[PDB]
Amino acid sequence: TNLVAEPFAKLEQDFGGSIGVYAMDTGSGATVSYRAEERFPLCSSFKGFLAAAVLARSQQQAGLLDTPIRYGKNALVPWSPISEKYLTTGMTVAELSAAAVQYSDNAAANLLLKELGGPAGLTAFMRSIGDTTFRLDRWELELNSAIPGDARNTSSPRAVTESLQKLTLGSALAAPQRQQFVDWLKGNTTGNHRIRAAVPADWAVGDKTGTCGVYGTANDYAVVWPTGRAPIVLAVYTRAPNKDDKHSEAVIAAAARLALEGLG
C-alpha cells in the first residue's frame, strides 16, 4: 500500500468525501500527490488564473492595467464588496484584479472576464501555458453547482499547481507581471484558515480560495516561501457526494500540513 497516502485517505474518510492534493518543492523536485489528477470544481479559485490572464494581456495592450472601467449597477452581483463602492468612480483593471483575487469580488471577476472574451478566453489562456485540464464555461455566479461527475468548471490539483508554478515562479508571465500576480496572491484576505493555517507565521504565502459550499466543495492553492528554502507550490481541493455535505476549512489545512510533512 501507498503509506504516504494513508493519512490523506483517513482524512477524507472522516470528512465524508474526497480530498485532492498536489505539492511541489521547487528546490528539489520532490512531490506529494493524493488524488492529484482527479477533477474538482474550481469555484472562486479560478479568479487567480483570471488575474494572471489579464496580466498576460496587459503585456502587449499598453496601459490596460491602468485603464479605468466605469461600470453601473447592472454589473454588480452578490458578494462584490469592493466593486459596490465604485459605481460612480470606476476601478482600474489592476484594482479589479486585486479585488477579484483578494476579496473574491464577483462583479470584478465578471468585468475581467469581459476583458478576456469570457470564460472561453480564460480557458484559452490556460491552454496557451500548457494546461489541458482547466475548464471554465460560466460567469459568476453560475459556475458553482459542483455536481458530482460534471467536468465543467473543474481542474485537477496537479494542473492547478503546475499552472500556478508557471505563472508565479516560471516564465509564463513577463517578470513585472509575474511579480504583480505574486503580490496580489500574498495580499489575499480570504485564506487565513486554509493553507496559511498550515505554515509557520514567518513563512510568506500567496493563495486563492474557492468555496462552492454544496457537495462539500472548497479549495485553496498557494505558493509558500519557507524561511531559507525554495518555494513550495501546492493545491488542496475537496468534494463530497451529497449536496448538503459541508465543506471544511480545517480539512484543507490538515491536508496542507500532511503535504508539507511529506516533502523532503
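Quick note: we count residues from 1 along the sequence shown, nothing fancier.
*Asks:* I need to verify one thing: averaged over C-alpha atoms only, is the B-factor higher for 21-29 or for 251-259?
*Replies:* Result of the comparison: 21-29.
*Asks:* As stated in the PDB record, which stretch has the larger average Cα B-factor, 69-77 or 94-102?
*Replies:* According to the PDB entry, the answer is 69-77.
*Asks:* Among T88, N188, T168, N153, where is the Cα temperature factor highest, going by the PDB entry?
*Replies:* That would be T88.
*Asks:* Which listed residue, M126, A120, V160, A109, has the largest C-alpha temperature factor in the record?
*Replies:* Comparing C-alpha B-factors across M126, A120, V160, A109, the top value belongs to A120.
*Asks:* Mind checking which third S145 falls in for C-alpha B-factor across the chain?
*Replies:* Its C-alpha B-factor, which the entry lists for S145, ranks in the highest third among residues of this chain.
*Asks:* Per the entry's values, where does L116 land by CA temperature factor relative to the rest of its chain, in the lowest, middle or highest third?
*Replies:* Highest third - that is where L116 ends up once the chain's C-alpha B-factors are sorted.
*Asks:* Going by what the PDB entry lists, where does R135 fall on CA B-factor within its chain: lowest, middle or highest third?
*Replies:* For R135, the deposited C-alpha B-factor lands in the middle third.
*Asks:* Is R39 in the lowest, middle or highest third of its chain when residues are ranked by C-alpha B-factor?
*Replies:* Lowest third, going by the recorded CA B-factors of the chain.
*Asks:* Could you say whether, by C-alpha temperature factor, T227 belongs to the lowest, middle or highest third of its chain?
*Replies:* Tercile = highest for this residue's CA B-factor.
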